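Data block for work_23.cif (mmCIF, C-alpha atoms):
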```cif
data_start
loop_
_atom_site.label_atom_id
_atom_site.label_comp_id
_atom_site.auth_asym_id
_atom_site.auth_seq_id
_atom_site.Cartn_x
_atom_site.Cartn_y
_atom_site.Cartn_z
CA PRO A 1 17.68 -6.48 48.03
CA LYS A 2 16.06 -8.33 44.95
CA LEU A 3 17.73 -8.93 41.55
CA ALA A 4 15.81 -10.15 38.47
CA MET A 5 17.51 -10.90 35.11
CA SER A 6 15.44 -11.53 31.96
CA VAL A 7 17.49 -14.73 31.41
CA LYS A 8 18.26 -17.75 33.51
CA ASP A 9 21.54 -19.28 34.55
CA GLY A 10 22.07 -22.22 32.15
CA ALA A 11 19.42 -21.26 29.64
CA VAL A 12 19.97 -21.97 25.97
CA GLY A 13 18.53 -20.55 22.81
CA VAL A 14 18.33 -17.00 24.21
CA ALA A 15 17.07 -14.69 21.42
CA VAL A 16 19.42 -12.21 19.84
CA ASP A 17 16.58 -9.87 18.63
CA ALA A 18 15.79 -8.91 22.26
CA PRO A 19 18.03 -7.18 24.75
CA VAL A 20 18.95 -8.68 28.08
CA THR A 21 17.83 -6.75 31.16
CA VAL A 22 18.53 -6.84 34.83
CA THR A 23 16.25 -5.11 37.32
CA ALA A 24 16.19 -4.56 41.05
CA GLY A 25 13.58 -3.86 43.70
CA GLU A 26 14.53 -3.28 47.35
CA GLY A 27 17.15 -0.84 46.28
CA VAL A 28 19.21 0.13 43.38
CA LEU A 29 21.63 -1.34 40.85
CA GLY A 30 25.29 -0.74 41.56
CA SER A 31 27.30 -2.54 38.87
CA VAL A 32 26.19 -4.85 36.05
CA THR A 33 28.76 -6.37 33.65
CA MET A 34 28.17 -8.86 30.81
CA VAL A 35 31.00 -10.53 28.84
CA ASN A 36 31.12 -13.18 26.12
CA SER A 37 33.08 -16.34 26.93
CA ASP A 38 36.15 -14.91 25.10
CA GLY A 39 36.15 -12.08 27.72
CA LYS A 40 34.87 -9.20 25.47
CA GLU A 41 32.54 -6.96 27.45
CA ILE A 42 29.08 -6.38 25.97
CA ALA A 43 27.75 -2.91 26.21
CA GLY A 44 24.89 -2.02 28.42
CA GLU A 45 23.88 0.78 30.69
CA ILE A 46 21.88 1.44 33.81
CA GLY A 47 18.70 3.50 33.52
CA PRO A 48 18.33 6.99 35.09
CA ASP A 49 16.47 5.67 38.26
CA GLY A 50 19.22 3.04 38.91
CA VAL A 51 16.72 0.14 38.83
CA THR A 52 17.11 -1.41 35.37
CA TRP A 53 20.13 -2.16 33.22
CA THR A 54 19.85 -3.02 29.55
CA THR A 55 22.21 -4.12 26.81
CA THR A 56 22.71 -1.49 24.11
CA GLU A 57 24.33 -3.59 21.31
CA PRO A 58 22.68 -6.81 20.08
CA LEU A 59 23.86 -10.28 20.99
CA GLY A 60 25.40 -12.63 18.52
CA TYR A 61 24.38 -16.04 17.34
CA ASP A 62 26.34 -18.95 18.83
CA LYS A 63 27.76 -17.26 21.94
CA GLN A 64 27.82 -17.66 25.68
CA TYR A 65 27.47 -14.75 28.04
CA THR A 66 28.03 -14.28 31.74
CA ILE A 67 26.19 -11.46 33.49
CA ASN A 68 27.13 -10.38 36.99
CA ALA A 69 25.02 -7.89 38.86
CA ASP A 70 24.96 -6.56 42.38
CA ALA A 71 22.45 -4.22 44.07
CA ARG A 72 22.81 -1.93 47.15
CA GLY A 73 19.88 -0.85 49.40
CA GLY A 74 17.79 -4.12 52.81
CA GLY A 75 21.54 -3.92 51.92
CA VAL A 76 23.87 -6.04 49.66
CA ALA A 77 22.77 -8.69 47.00
CA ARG A 78 24.25 -10.54 43.97
CA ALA A 79 23.13 -12.39 40.82
CA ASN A 80 24.80 -14.56 38.31
CA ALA A 81 23.76 -16.16 35.02
CA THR A 82 25.61 -17.78 32.14
CA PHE A 83 23.58 -18.62 29.03
CA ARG A 84 23.84 -19.38 25.33
CA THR A 85 22.03 -17.60 22.50
CA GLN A 86 20.30 -19.13 19.51
CA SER A 87 22.81 -21.50 17.98
CA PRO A 88 21.49 -21.72 14.37
CA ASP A 89 22.03 -24.74 12.07
CA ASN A 90 22.01 -22.48 9.04
CA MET A 91 22.13 -18.77 8.47
CA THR A 92 20.03 -17.45 5.60
CA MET A 93 20.52 -14.06 4.03
CA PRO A 94 17.52 -12.41 2.36
CA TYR A 95 17.71 -9.91 -0.52
CA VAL A 96 15.08 -7.51 -1.71
CA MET A 97 13.94 -6.53 -5.17
CA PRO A 98 13.55 -3.82 -6.17
CA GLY A 99 16.56 -2.03 -4.70
CA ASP A 100 16.72 0.89 -2.35
CA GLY A 101 15.65 4.17 -4.01
CA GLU A 102 14.70 2.61 -7.33
CA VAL A 103 11.77 4.04 -9.32
CA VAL A 104 9.63 1.26 -10.82
CA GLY A 105 6.56 0.49 -12.96
CA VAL A 106 3.09 -0.37 -11.69
CA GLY A 107 3.65 -4.09 -12.09
CA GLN A 108 6.72 -4.35 -9.86
CA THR A 109 6.18 -6.89 -7.09
CA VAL A 110 8.11 -7.00 -3.88
CA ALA A 111 10.49 -9.92 -3.97
CA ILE A 112 12.31 -11.39 -0.98
CA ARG A 113 14.81 -14.00 -2.19
CA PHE A 114 16.48 -16.07 0.51
CA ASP A 115 19.72 -18.01 -0.10
CA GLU A 116 18.40 -21.02 1.81
CA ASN A 117 15.14 -22.89 1.51
CA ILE A 118 12.69 -21.62 4.12
CA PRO A 119 11.05 -24.44 6.08
CA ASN A 120 8.58 -22.12 7.83
CA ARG A 121 6.99 -19.79 5.42
CA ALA A 122 4.58 -18.35 8.03
CA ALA A 123 7.46 -17.03 10.15
CA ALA A 124 9.11 -15.56 7.05
CA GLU A 125 5.91 -13.63 6.19
CA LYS A 126 5.54 -12.44 9.79
CA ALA A 127 9.03 -11.05 9.67
CA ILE A 128 8.25 -8.72 6.72
CA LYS A 129 6.71 -5.29 7.42
CA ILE A 130 5.68 -3.63 4.14
CA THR A 131 4.34 -0.10 4.38
CA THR A 132 2.61 1.65 1.52
CA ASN A 133 1.55 5.31 1.07
CA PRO A 134 -1.10 5.79 0.00
CA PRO A 135 -1.87 2.45 1.67
CA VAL A 136 -3.17 -0.52 -0.33
CA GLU A 137 -4.02 -4.15 0.56
CA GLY A 138 -1.52 -6.81 -0.53
CA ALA A 139 -0.35 -10.35 0.31
CA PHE A 140 2.37 -13.02 0.17
CA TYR A 141 2.65 -15.65 -2.45
CA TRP A 142 5.70 -17.91 -2.69
CA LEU A 143 7.04 -18.88 -6.10
CA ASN A 144 9.33 -21.57 -4.60
CA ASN A 145 11.13 -22.60 -1.37
CA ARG A 146 13.34 -19.45 -1.47
CA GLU A 147 11.45 -16.49 -2.92
CA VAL A 148 8.32 -14.77 -1.64
CA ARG A 149 6.47 -12.09 -3.55
CA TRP A 150 4.07 -9.40 -2.34
CA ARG A 151 1.75 -7.31 -4.51
CA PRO A 152 -1.63 -5.57 -4.32
CA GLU A 153 -4.88 -6.86 -5.99
CA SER A 154 -4.53 -4.48 -8.87
CA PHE A 155 -1.61 -2.57 -10.39
CA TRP A 156 0.16 0.17 -8.40
CA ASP A 157 -1.24 3.72 -8.34
CA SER A 158 1.42 6.14 -9.50
CA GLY A 159 3.56 7.89 -6.86
CA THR A 160 3.09 5.24 -4.15
CA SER A 161 5.84 4.80 -1.50
CA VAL A 162 6.73 1.23 -0.60
CA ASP A 163 8.92 0.53 2.43
CA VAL A 164 10.06 -3.13 2.78
CA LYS A 165 11.60 -4.20 6.09
CA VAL A 166 12.78 -7.83 6.28
CA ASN A 167 13.56 -8.49 9.95
CA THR A 168 14.83 -12.07 10.27
CA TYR A 169 17.65 -11.56 12.80
CA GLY A 170 16.68 -13.82 15.65
CA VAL A 171 13.73 -15.34 13.86
CA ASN A 172 13.76 -19.14 13.68
CA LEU A 173 12.36 -19.88 10.19
CA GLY A 174 11.98 -23.61 10.77
CA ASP A 175 14.40 -26.49 11.23
CA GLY A 176 17.34 -24.33 12.49
CA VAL A 177 17.40 -21.70 9.76
CA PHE A 178 17.75 -18.20 11.09
CA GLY A 179 18.27 -14.80 9.45
CA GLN A 180 21.88 -13.63 9.11
CA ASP A 181 20.91 -9.90 9.40
CA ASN A 182 18.09 -7.51 8.60
CA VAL A 183 17.71 -5.83 5.20
CA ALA A 184 15.48 -3.01 4.00
CA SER A 185 14.37 -1.28 0.84
CA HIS A 186 12.38 1.87 0.25
CA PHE A 187 11.42 2.58 -3.40
CA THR A 188 8.74 4.66 -5.20
CA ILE A 189 6.24 3.76 -7.99
CA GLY A 190 6.81 5.88 -11.12
CA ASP A 191 4.77 6.45 -14.29
CA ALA A 192 2.13 3.86 -15.33
CA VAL A 193 3.74 2.60 -18.57
CA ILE A 194 1.78 -0.40 -20.03
CA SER A 195 2.59 -1.91 -23.44
CA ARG A 196 0.07 -4.12 -25.29
CA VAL A 197 -0.01 -6.49 -28.24
CA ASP A 198 -2.70 -8.58 -29.93
CA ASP A 199 -1.53 -11.47 -32.25
CA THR A 200 -4.29 -10.27 -34.64
CA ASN A 201 -2.34 -6.99 -35.41
CA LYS A 202 1.19 -7.81 -34.17
CA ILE A 203 1.59 -4.13 -33.18
CA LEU A 204 3.01 -3.32 -29.77
CA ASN A 205 1.14 -0.31 -28.34
CA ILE A 206 2.84 1.52 -25.44
CA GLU A 207 0.59 3.63 -23.12
CA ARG A 208 1.97 6.30 -20.70
CA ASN A 209 -0.69 6.95 -17.98
CA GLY A 210 -3.47 5.74 -20.33
CA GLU A 211 -2.35 7.65 -23.45
CA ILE A 212 -0.42 6.13 -26.36
CA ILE A 213 3.02 7.50 -27.15
CA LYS A 214 4.71 4.89 -29.35
CA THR A 215 3.74 1.86 -31.40
CA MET A 216 5.94 -0.72 -33.02
CA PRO A 217 5.48 -3.81 -35.17
CA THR A 218 6.70 -7.01 -33.57
CA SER A 219 7.27 -10.55 -34.85
CA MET A 220 6.49 -12.82 -31.88
CA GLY A 221 7.07 -16.57 -31.40
CA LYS A 222 6.41 -19.23 -34.03
CA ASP A 223 3.38 -21.55 -33.59
CA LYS A 224 5.91 -24.22 -32.55
CA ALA A 225 7.69 -21.87 -29.99
CA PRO A 226 5.01 -19.34 -29.14
CA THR A 227 5.11 -16.25 -26.99
CA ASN A 228 2.89 -16.88 -23.94
CA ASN A 229 -0.34 -14.88 -23.44
CA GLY A 230 -1.00 -12.75 -20.38
CA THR A 231 0.63 -10.07 -18.25
CA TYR A 232 4.45 -9.88 -18.12
CA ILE A 233 6.43 -7.81 -15.56
CA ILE A 234 9.55 -6.24 -17.03
CA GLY A 235 12.83 -6.86 -15.28
CA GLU A 236 16.39 -6.53 -16.46
CA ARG A 237 17.84 -4.92 -19.54
CA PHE A 238 20.99 -5.20 -21.59
CA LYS A 239 22.65 -3.13 -24.28
CA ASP A 240 23.96 -6.47 -25.59
CA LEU A 241 23.29 -10.14 -24.90
CA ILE A 242 24.52 -13.50 -26.05
CA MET A 243 21.57 -15.92 -26.27
CA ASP A 244 22.09 -19.71 -25.70
CA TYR A 245 21.92 -21.24 -32.08
CA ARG A 246 24.31 -18.86 -30.27
CA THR A 247 24.15 -15.10 -31.24
CA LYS A 248 24.48 -11.40 -30.20
CA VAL A 249 21.38 -9.30 -29.76
CA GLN A 250 20.93 -5.61 -28.81
CA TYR A 251 18.69 -3.49 -26.64
CA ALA A 252 17.00 -6.40 -24.83
CA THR A 253 14.34 -5.38 -22.33
CA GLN A 254 13.43 -8.62 -20.48
CA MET A 255 9.85 -9.85 -20.01
CA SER A 256 10.23 -13.36 -18.38
CA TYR A 257 12.66 -15.64 -16.51
CA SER A 258 12.15 -18.10 -19.37
CA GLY A 259 13.89 -15.87 -21.91
CA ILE A 260 11.26 -13.73 -23.57
CA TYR A 261 12.63 -10.30 -24.47
CA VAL A 262 11.59 -7.33 -26.47
CA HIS A 263 14.72 -7.04 -28.62
CA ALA A 264 16.47 -5.86 -31.77
CA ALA A 265 15.98 -8.16 -34.76
CA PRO A 266 17.06 -6.53 -38.08
CA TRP A 267 17.16 -9.97 -39.77
CA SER A 268 13.29 -10.14 -39.43
CA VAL A 269 11.86 -6.62 -40.15
CA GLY A 270 10.01 -8.07 -43.17
CA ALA A 271 8.02 -10.23 -40.73
CA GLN A 272 7.32 -7.66 -38.01
CA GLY A 273 3.61 -6.70 -37.99
CA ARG A 274 2.74 -9.70 -40.19
CA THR A 275 4.01 -13.15 -39.18
CA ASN A 276 5.53 -14.73 -36.00
CA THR A 277 9.16 -15.82 -36.79
CA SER A 278 10.95 -16.13 -33.37
CA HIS A 279 11.31 -18.70 -30.60
CA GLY A 280 9.26 -16.60 -28.12
CA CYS A 281 10.85 -13.14 -28.14
CA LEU A 282 9.17 -9.91 -29.25
CA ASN A 283 11.33 -9.21 -32.34
CA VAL A 284 11.32 -5.47 -33.24
CA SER A 285 13.57 -3.15 -35.29
CA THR A 286 16.90 -1.96 -33.88
CA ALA A 287 15.58 1.60 -33.71
CA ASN A 288 12.36 0.50 -31.90
CA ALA A 289 14.20 -1.89 -29.55
CA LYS A 290 16.51 0.98 -28.51
CA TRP A 291 13.44 3.08 -27.82
CA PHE A 292 11.93 0.31 -25.63
CA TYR A 293 15.36 -0.03 -23.93
CA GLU A 294 15.39 3.68 -23.10
CA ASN A 295 11.72 4.42 -22.29
CA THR A 296 10.67 1.62 -19.96
CA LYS A 297 11.88 0.89 -16.48
CA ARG A 298 11.87 -2.28 -14.41
CA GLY A 299 8.31 -3.00 -13.17
CA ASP A 300 6.57 -1.79 -16.33
CA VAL A 301 3.92 -4.08 -17.88
CA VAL A 302 3.63 -5.87 -21.23
CA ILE A 303 0.37 -7.66 -22.07
CA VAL A 304 -0.11 -10.32 -24.73
CA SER A 305 -3.41 -11.43 -26.31
CA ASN A 306 -4.49 -14.12 -28.86
CA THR A 307 -1.16 -15.88 -29.46
CA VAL A 308 -1.35 -19.62 -29.92
CA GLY A 309 0.73 -20.09 -26.78
CA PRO A 310 -0.37 -20.83 -23.21
CA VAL A 311 -0.75 -18.30 -20.43
CA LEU A 312 2.57 -17.26 -18.85
CA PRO A 313 2.73 -19.42 -15.69
CA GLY A 314 2.22 -17.39 -12.47
CA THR A 315 5.19 -18.63 -10.47
CA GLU A 316 7.70 -18.13 -13.26
CA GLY A 317 8.29 -15.10 -12.88
CA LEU A 318 7.57 -12.11 -13.88
CA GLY A 319 4.20 -13.92 -14.25
CA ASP A 320 2.90 -12.80 -10.85
CA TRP A 321 -0.20 -10.93 -12.18
CA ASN A 322 -1.51 -13.89 -14.09
CA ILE A 323 -2.53 -15.46 -10.76
CA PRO A 324 -6.07 -14.46 -9.78
CA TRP A 325 -6.30 -12.27 -6.67
CA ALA A 326 -8.52 -14.82 -4.87
CA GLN A 327 -5.86 -17.55 -4.97
CA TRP A 328 -2.91 -15.25 -4.40
CA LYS A 329 -4.49 -13.64 -1.32
CA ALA A 330 -5.00 -17.20 0.01
CA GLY A 331 -1.22 -17.54 -0.28
CA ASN A 332 0.62 -20.81 0.01
CA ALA A 333 2.24 -20.82 3.47
CA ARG A 334 0.76 -24.28 4.51
#
```
So, in terms of structure tokens, how does the structure I just supplied come out?
Amino acid sequence: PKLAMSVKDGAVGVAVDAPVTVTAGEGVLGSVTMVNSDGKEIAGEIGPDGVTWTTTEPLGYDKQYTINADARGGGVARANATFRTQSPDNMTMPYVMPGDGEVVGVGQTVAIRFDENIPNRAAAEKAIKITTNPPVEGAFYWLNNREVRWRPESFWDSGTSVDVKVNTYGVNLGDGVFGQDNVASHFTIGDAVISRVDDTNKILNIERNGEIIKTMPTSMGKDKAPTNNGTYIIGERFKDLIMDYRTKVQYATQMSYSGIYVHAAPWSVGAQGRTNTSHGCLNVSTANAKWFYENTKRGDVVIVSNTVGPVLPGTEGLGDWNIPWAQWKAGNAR
């Protein structure tokens, strides 16, 4: 009568992503019980041919378990193991942008922001199944020790499904940092809205699926405080906003982490379409701001051309698209 458990008496670091099993040859399992060191029984169940038992709930970090099994058959047999699971130095809890069931523009990238620095980026990337329909090739670039982005080579085709599954429970992400739980998000890609502006004209030209549907005159950033050139991904928006000068501002659709918004500037209508009078923001009229507030969604693009300012930095960001595919696809795990 032979018993075989998938863990060993006195083992340590048992993984909590995998179940524990107990099997038997030369006969048949009779009873198998597993309990944490506080007594609480852990759930498992014997299979329909009486030869394997598996746990049905998952194990917990920083626990000890005792499993007792016996098998009937030759005849009588017994097994015993007490072990500890992964005993993490630090739990880290990922979050995903965009959120579950959101509809987003063709420049939305898949963020995974951790709340702890991630020593082992490779493990973090391995733990992230992203599933696209229709499928398209993408890759992982990190903007810093806590946030990893994933996008395709070019902008999103409209009506693509994106399923993001971050599965870090039980995954050692380097130097004792393990995932606190799993998280998921499924979202769809909406209409291809892309707004455009050349510092030559200072006219913001909004396309919907390659066809213009609004224009507006903007006053961008002063020579001394210029609006960056390049592709910006839109993010948040606000009906109101204090900006820290300290003053209230309406209908702000955000373009960069660094504080560049399309927003309502009545004080500078005279300048819109003509001369750059702001510290970086796309100044437009209250009526046109409100339109931009109401007609774009997170993930929509804005592109800037011929300002005196630098390129929006790639890792900013919001600046994701500014990085050339070659480099991005290479990633920066090592």
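The nearest approach to residue A:143 among the residues A:324, A:317, A:230, A:174, with all atoms listed in the file taken into account, belongs to A:317.
Atom pair atom CA of residue A:29 / atom CA of residue A:60 has a distance of 25.3 Å (rounded to one decimal).
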Applying 7 Å and only C-alpha atoms, which residues near stretch 293-305 of chain A remain after dropping the ones on its own chain fewer than 2 positions away? List them as a list in words.
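After dropping sequence-adjacent residues, the list is residues 104, 105, 106, 107, 108, 193, 194, 195, 196, 197, 198, 199, 229, 230, 231, 232, 233, 234, 235, 236, 251, 252, 253, 289, 290, 291 and 307 of chain A.
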Please enumerate the residues selected by the PyMOL selection byres ((chain A and resi 13) around 9) when evaluated against the supplied file, formatted as a PyMOL selection string.
chain A and resi 11-12+14-16+62+83-87
Counting all atoms listed in the file, which of A:225, A:212, A:262, A:189 gets nearest to residue A:158?
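The closest residue to residue A:158 is A:189.
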Which residue of A:318, A:271, A:264, A:220 approaches residue A:238 most closely, using only C-alpha atoms:
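Of A:318, A:271, A:264, A:220, the one nearest residue A:238, counting only C-alpha atoms, is A:264.
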Tell me, as a PyMOL selection string, which residues lie within 8 Å of residue A:89, counting all atoms listed in the file; anything in the same chain fewer than 2 positions away does not count.
chain A and resi 87+91+175-178
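With atom CA of residue A:321 on one side and atom CA of residue A:132 on the other, the separation reads 18.8 Å.
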Separating atom CA of residue A:165 from atom CA of residue A:185, to the nearest tenth of an Å, is a gap of 6.6 Å
Quick one: axis-aligned box around all listed atoms of stretch 30-38 of chain A, 8 Å on every side, centre and edge lengths in Å to one decimal, written as JSON.
```
{"center_x": 30.7, "center_y": -8.5, "center_z": 33.3, "size_x": 26.9, "size_y": 31.6, "size_z": 32.5}
```
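Closest approach to residue A:263 from the set A:240, A:57, A:49, A:41 is made by A:240, with distances taken over all atoms listed in the file.
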So that I can see what lies close to residue A:279, please list as a PyMOL selection string the residues with an atom at most 10 Å from it, counting only C-alpha atoms and leaving out residues fewer than 4 positions away in the same chain.
chain A and resi 220-227+259-260+283
For a quick check of understanding, using only C-alpha atoms, which of A:161, A:215, A:285, A:168 has the smallest distance to residue A:126?
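That would be A:168, the residue with the smallest distance to residue A:126.
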Using the chain letters and residue numbers of this document, give as a compact mmCIF listing (two decimals) with C-alpha atoms, keeping the file's coordinate frame the residues selected by the PyMOL selection byres ((chain A and resi 166) around 7).
```
# COMPACT_ATOMS: atom_id res chain seq x y z
CA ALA A 127 9.03 -11.05 9.67
CA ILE A 128 8.25 -8.72 6.72
CA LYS A 129 6.71 -5.29 7.42
CA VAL A 164 10.06 -3.13 2.78
CA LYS A 165 11.60 -4.20 6.09
CA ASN A 167 13.56 -8.49 9.95
CA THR A 168 14.83 -12.07 10.27
CA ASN A 182 18.09 -7.51 8.60
CA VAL A 183 17.71 -5.83 5.20
CA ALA A 184 15.48 -3.01 4.00
```
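Residues matched by the PyMOL selection byres ((chain A and resi 148-154) around 8) in this file: residues 108, 109, 110, 111, 112, 113, 136, 137, 138, 139, 140, 141, 142, 143, 144, 146, 147, 155, 156 and 325 of chain A.
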Closest to residue A:172 among A:204, A:216, A:97, A:123, using all atoms listed in the file?
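Closest to residue A:172, using all atoms listed in the file: A:123.
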Can you tell me which residues surround residue A:274 at a distance of at most 8 Å, considering all atoms listed in the file, apart from same-chain residues fewer than 5 positions away, and format the answer as a PDB file with C-alpha atoms, in the frame of the given file?
```pdb
ATOM      1  CA  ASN A 201      -2.340  -6.990 -35.410  1.00  0.00           C
ATOM      2  CA  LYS A 202       1.190  -7.810 -34.170  1.00  0.00           C
ATOM      3  CA  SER A 219       7.270 -10.550 -34.850  1.00  0.00           C
TER       4      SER A 219
END
```
Please provide the set of residues having any atom within 10 Å of residue A:68, restricted to all atoms listed in the file, with same-chain residues fewer than 3 positions apart removed, written as an MDAnalysis selection string.
chainID A and resid 5 22 31:35 65 78:82
